[PDB]
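# Descriptive structure summary
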6 protein chains.
Amino acid sequence: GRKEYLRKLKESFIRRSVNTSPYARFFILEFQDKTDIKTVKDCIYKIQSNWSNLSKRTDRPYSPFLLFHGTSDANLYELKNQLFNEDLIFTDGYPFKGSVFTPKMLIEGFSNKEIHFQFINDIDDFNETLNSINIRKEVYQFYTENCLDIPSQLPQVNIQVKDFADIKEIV
Amino acid sequence: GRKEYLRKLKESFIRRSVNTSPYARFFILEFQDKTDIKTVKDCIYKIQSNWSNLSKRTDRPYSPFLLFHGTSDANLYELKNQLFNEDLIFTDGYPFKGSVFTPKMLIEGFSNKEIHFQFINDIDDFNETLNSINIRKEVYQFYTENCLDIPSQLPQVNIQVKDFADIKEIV
Amino acid sequence: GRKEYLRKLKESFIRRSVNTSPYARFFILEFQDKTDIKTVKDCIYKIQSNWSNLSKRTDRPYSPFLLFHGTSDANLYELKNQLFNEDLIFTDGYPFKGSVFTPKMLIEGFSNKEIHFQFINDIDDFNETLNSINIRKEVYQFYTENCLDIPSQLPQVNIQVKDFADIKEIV
Amino acid sequence: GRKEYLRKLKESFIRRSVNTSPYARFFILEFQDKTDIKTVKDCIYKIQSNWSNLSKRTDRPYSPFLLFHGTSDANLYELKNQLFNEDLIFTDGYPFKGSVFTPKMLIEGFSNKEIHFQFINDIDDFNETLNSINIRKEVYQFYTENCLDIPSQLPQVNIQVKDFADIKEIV
Amino acid sequence: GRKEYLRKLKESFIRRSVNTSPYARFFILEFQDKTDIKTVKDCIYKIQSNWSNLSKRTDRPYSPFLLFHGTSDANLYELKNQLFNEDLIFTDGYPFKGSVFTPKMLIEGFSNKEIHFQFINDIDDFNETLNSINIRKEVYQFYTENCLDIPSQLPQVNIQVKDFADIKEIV
Amino acid sequence: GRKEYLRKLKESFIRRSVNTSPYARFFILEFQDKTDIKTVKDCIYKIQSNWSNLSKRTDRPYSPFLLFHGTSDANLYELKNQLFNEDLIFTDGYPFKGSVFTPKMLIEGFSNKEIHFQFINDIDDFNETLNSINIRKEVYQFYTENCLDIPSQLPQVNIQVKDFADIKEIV
């Protein structure tokens with residue numbers, strides 16, 4: 001059936017235990033120009049609610065890493081602005097204007113409970129962040145037509161959705 | 001079967017998690033002078049009970065925003081007066097008589113455990129409050145004849161119901 | 001099958017949640033002379049055990065309101081004398097002999113953990129206490145041959161049973 | 001199936017809730033001098049484990065009442081002696097040798113955490129017991145060929161079993 | 001199939017509740033010459049892990065009683081020495097060398113959290129212990145050719161297995 | 001179907017309880033030359049997450065023992081050097097450079113909450129640490145083409161896998 005397509009992809013590679021261990025979860029989402037602003041935030045909030053545990057009870061907080069490609073910087077910063085306005089505080093390695101890429105902010109924001117997720121701007125920020133993370137890194141890709149190139153010593157999943165709307169129910 | 005339409009509207013649009021995050025939830029209901037006040041109150045109490053967590057244990061309380069359209073102000077205030085008489089304390093942006101619409105009264109009332117929900121009198125109060133809540137806002141519409149226009153940067157669902165009685169089992 | 005009508009009667013009108021809010025629940029039962037005194041108490045204890053939360057953990061206690069019609073006053077008091085003997089303490093608005101109807105005793109017994117339910121003698125005490133409880137009141141009717149006239153501004157359900165024996169498995 | 005006769009007697013007559021209220025529960029088992037003591041002790045321990053709540057958490061303890069009939073006192077006392085030897089402390093209204101029947105021991109033993117159940121020697125002790133507990137009393141009769149007479153003012157169930165061995169998995 | 005034979009003797013004879021009461025459970029196993037000691041230790045550890053509850057929270061600890069027959073004393077002590085080497089602390093009524101059987105040592109070890117189970121050397125130690133435990137005792141027999149003689153007043157089950165390795169899934 | 005062989009391999013040998021006791025669990029894995037370094041780490045992390053309970057709540061911590069073979073030391077140390085980089089702290093009985101095998105470091109790391117698992121370099125270190133752990137030891141083998149010889153006094157399972165990828169969903 002139609003609903004069966006979403007039912008296979010949910011636990012084939014994306015399956016989730018009752019308490020997932022705090023590893024460096026990288027979520028690569030393809031942002032094409034046809035996909036509007038609104039449904040990306042519905043995916044990001046679903047990514048943030050599941051694969052981040054920032055409750056005060058635990059001592060091992062973790063947050064997902066978010067990567068977008070195939071988009072212009074105009075709507076990438078436009079999406080970035082509303083996420084911060086809606087109190088979904090993130091870090092992208094640029095703590096101030098005119099900063100060089102500082103992955104040490106991504107180090108502490110992963111363990112910070114007040115920072116919900118982590119944004120990655122481009123390819124060069126993603127590869128430099130990978131060397132900065134020393135703990136286990138798993139990278140999940142949700143693409144439609146274009147696939148990113150990922151270094152081969154990392155556990156990767158590749159999921160080809162119909163469009164961006166099908167990503168959210170998987171995650 | 002006859003319930004088969006109800007399930008398609010329950011779990012596919014207004015699916016509910018047991019630990020839903022404190023979003024600015026907007027509920028738009030069509031009051032159109034043919035449904036009685038009592039059936040609206042049962043829908044309002046059901047909207048209150050499911051989509052507000054005002055327990056003393058939590059640190060992130062939330063309350064749903066309710067807006068009615070298509071009816072006169074006479075039965076809108078009559079519905080409004082019965083809700084306050086039954087100890088369902090709400091706020092509507094008019095803390096006193098002859099007041100200008102005060103959006104911040106709807107703001108601490110979102111985080112107030114003693115304020116059960118928020119009442120929106122008209123579209124003009126709905127649209128200007130939309131610029132007041134900074135956090136993510138979700139709008140849920142339940143309508144029988146006329147669907148209200150919502151600006152396109154919000155996550156909206158539009159559900160067409162047979163009458164006002166079918167809303168409360170959906171929520 | 002034969003148990004099917006019990007499923008058309010249990011979760012379609014008298015569906016029960018585990019965290020039901022403290023509402024003024026009215027239970028109107030048709031007690032006829034054919035019905036034995038003993039089998040009514042099995043319904044009263046089932047109604048009291050399900051629709052009352054008098055535990056010391058909560059701060060919002062509630063008790064059901066019970067109405068009986070279609071019976072003589074002699075056997076109604078005979079039932080009333082039994083329930084007080086078995087430590088099922090109730091109030092009827094008559095705290096002493098020769099008293100007028102005091103609905104205030106029914107208000108305090110609703111919020112009292114040591115008072116298990118509330119008795120209503122006839123129609124006139126039902127309508128007088130109807131204007132006394134300010135919070136939302138729901139009326140549930142279980143009857144075989146005579147239907148009461150409940151005012152239309154209250155949420156009412158009407159259920160037909162063959163006799164009084166099937167009411168307790170409904171609730 | 002062969003099991004289906006046990007299923008129609010499990011959930012239709014002796015259905016059990018996890019939070020059963022402290023009622024004066026009377027269990028009548030028929031002793032017919034051909035069942036050995038061991039299966040009777042297996043039935044009593046199943047009755048005691050399920051229908052008594054003597055934990056330190058609760059503030060409303062309750063213990064079942066045990067009645068046997070149709071047998072001589074030779075095996076009735078001999079069964080009674082083993083149950084006290086296995087630290088299953090009970091009361092029977094005879095706290096000392098040559099005592100008259102004292103039902104007050106069974107009322108205190110009903111609410112005592114250190115008294116597991118209550119023994120009833122005969123139908124004359126049972127009727128005198130019946131007028132002593134004021135709270136609601138239900139009688140469960142499990143028998144093979146002889147049925148005792150219970151007053152019609154009490155909620156009673158009657159279960160006919162193939163032999164004494166089917167009683168323990170009903171309770 | 002073949003696994004239906006495991007189901008017919010698992011849930012029908014050695015069915016287990018999560019809150020089993022502290023009874024003096026006896027497990028009688030046929031140790032033949034064909035059985036290796038390694039398989040027996042898997043069965044003994046499974047007997048401990050299910051039918052002993054020695055947590056620090058409970059106030060009623062219990063431990064099973066272990067009996068073996070049909071084997072020589074050479075491999076009985078060799079099995080006995082391996083169990084003590086793997087920190088499975090037990091007692092057998094012989095607290096020192098050259099001791100007479102001491103049934104009281106099997107008594108506190110029933111209630112001792114640091115004593116995991118009780119070993120019984122032969123027939124004469126089993127019957128002598130049977131007169132020492134006052135509380136209810138249940139005896140479970142698993143054997144392949146020879147069935148041990150058991151006193152009739154003791155509640156017992158008799159289970160016929162293909163070999164010793166099938167015992168551990170049943171218990 | 002295809003996942004049938006996975007179900008025939010999962011709960012029939014490597015069945016897991018939620019309260020598994022602290023056993024000296026040995027995991028022997030076939031690291032042949034065709035296996036990538038990365039896909040072994042997914043099995044090591046799955047073995048560590050399931051068969052180790054290093055939480056601060058318990059007082060009996062346990063860690064799995066890992067053995068690898070079928071390849072040279074070039075990729076065995078390269079796999080070993082990565083696991084220490086990702087904060088998966090282990091011990092192998094070689095606490096310093098040029099050390100003799102110290103099985104005592106494996107015993108303390110078994111009970112150490114900050115040591116996640118234990119590495120075994122070869123069979124010579126496996127047999128030496130075999131005589132060091134006094135408690136019950138279980139050995140689990142997962143292999144494709146070579147099966148090693150384990151002494152027959154230990155509980156062993158042998159599982160043939162198509163390649164190293166299916167081992168992780170088995171455990």
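Residues numbered from 1 in each chain as written, not as in the entry; some residues may be left out. Chains lettered and ligands numbered in written order. Part of a larger assembly, values for the part shown. Heavy atoms only, no water.

## Details of the interface of chain F and chain A
Chain F puts eleven residues into the contact, and the matching count from chain A is ten residues. Summed over both partners, the interface of chain F with chain A comes to about 820 Å²; 42% of that surface belongs to carbon and sulfur atoms. Broken down residue by residue, the surface that chain F buries against chain A is led by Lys38(F), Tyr45(F) and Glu86(F), which jointly contribute 50%. Of the charged contacts in the structure, one is a salt bridge between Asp42(F) and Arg136(A), with a shortest N-O distance of 3.1 Å. Counting across the interface, chain F meets chain A through three residue pairs in polar contact. Of all the elements, helix α2 (residues 37-50) of chain F adds the most residues to the side of chain F that touches chain A, at five residues. Here the side of chain F that touches chain A is built from residues that sort into one nonpolar, one polar and nine charged. (Contact = heavy atoms within 4.5 Å. Buried area = accessible area lost by both parts, 1.4 Å probe. Salt bridge = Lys/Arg side-chain N within 4 Å of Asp/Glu carboxyl O. Polar contact = N/O pair within 3.5 Å; in protein donor to acceptor, adjacent residues only side chain to side chain. Helix = DSSP H or I, 4+ residues; strand = E, 2+ residues; numbered from the N terminus. Nonpolar A, V, L, I, M, F, W, Y, C, P; charged D, E, K, R; others polar.)

## A few points about the packing of helix α2 (residues 37-51) of chain B against helix α3 (residues 73-85) of chain B
Residue and element names in this part refer to chain B. For the pair α2 and α3, interaxial distance at closest approach is 10 Å and the crossing angle is 55 degrees. Taken together, the axes of α2 and α3 are oblique relative to one another. The way α2 lies across α3 gives a crossing that is right-handed. In this structure, α2 uses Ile37, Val40, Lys41 and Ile44 to contact α3, whose residues at the interface are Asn75, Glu78, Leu79, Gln82 and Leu83. Residue composition of the contact of α2 with α3, by class: five nonpolar, two polar and two charged. (Axes fitted to C-alpha atoms, helices over the stretch in contact; angles between N-to-C directions. Parallel < 35°, antiparallel > 145°, perpendicular 65-115°, else oblique. Left-handed = near helix turned anticlockwise from the far one by under 90°.)

## Quick notes on the relation of the copies chain D and chain C
With an RMSD of 0.3 Å, the operation that places chain D on chain C is a rotation of 60 degrees combined with a shift of 0.0 Å along the axis. One copy is carried onto the other by what is essentially a six-fold rotation axis. Closest approach to the rotation axis within chain D is made by the C-alpha atom of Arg57(D), at a distance of 13 Å. (Least-squares fit on C-alpha atoms.)

## Section: the pairing of strand β1 (residues 24-30) of chain F
Residues and elements named next belong to chain F. Of all seven residues in β1, seven are buried, a share of seventy percent or more. Side chains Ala24, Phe26, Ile28 and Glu30 project from β1 onto one buried face, and the interleaved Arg25, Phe27 and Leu29 project onto a second face that is buried too. In this sheet, strand β2 (residues 65-69) lies alongside β1 in parallel orientation, the contact comprising five bridges. Each bridged residue has a counterpart across the sheet, and for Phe26 the counterpart in β2 is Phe65. Once you follow β1 into α2 and on to β2, the crossover reads as right-handed. (Buried < 20%, exposed > 50% of the residue type's maximum accessible area, 1.4 Å probe, protein only. Pairing = 2+ DSSP bridges. Right-handed = clockwise from strand over helix to strand, strands pointing away.)

## Thoughts on the pairing of strand β4 (residues 117-120) of chain E
Residue and element names in this part refer to chain E. Burial of β4 is two-sided: the residues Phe117 and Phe119 facing one way and the residues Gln118 and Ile120 facing the other way are all buried. Bridge count for strand β2 (residues 65-69) against β4 is three bridges, and the pairing is parallel. Counterpart to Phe65 in the pairing with β4 is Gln118. By the bridge criterion, two bridges tie strand β3 (residues 90-91) to β4 in an arrangement that is parallel. Considered in β4, the bridge of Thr91 is made with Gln118. The parallel pair β3 and β4 is bridged by helix α4 (residues 105-111), and the resulting crossover is right-handed.

## Structural notes on the state of the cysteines
Residues and elements named next belong to chain B. Scanning the entire structure with this criterion turns up zero disulfides over all chains. With no disulfide partner, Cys147 has as its closest neighbouring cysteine sulfur the one in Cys43, 16 Å distant. When its relative accessible area of 38% is taken as the criterion, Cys147 is described as partly exposed. (Disulfide = S-S within 2.5 Å.)

## Notes on the sheet that holds β3(E)
All names here are of chain E. With parallel pairing, six strands are arranged side by side in an open sheet as β3-β4-β2-β1-β5-β6. In this open sheet, the two edge strands, each paired with only one partner strand, are β3 and β6 (156-160). Set on the sheet, helix α2 (residues 37-51) makes contact with β1 (24-30), β2 and β4; between it and β1 the angle comes to about 165 degrees.

## Describing the interface of chain D and chain C
Counting from both sides, the interface comprises eleven residues of chain D and, opposite them, ten residues of chain C. In total, about 770 Å² of surface goes out of reach between chain D and chain C, with carbon and sulfur atoms giving 44% of it. On the chain D side of the interface with chain C, the three residues burying the most area are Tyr23(D), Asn134(D) and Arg136(D), jointly 53% of the side's total. At the boundary of chain D with chain C, the tally comes to one salt bridge. Linking chain D with chain C are two residue pairs in polar contact. Of the residues in the side of chain D that touches chain C, the class split is four nonpolar, four polar and three charged.

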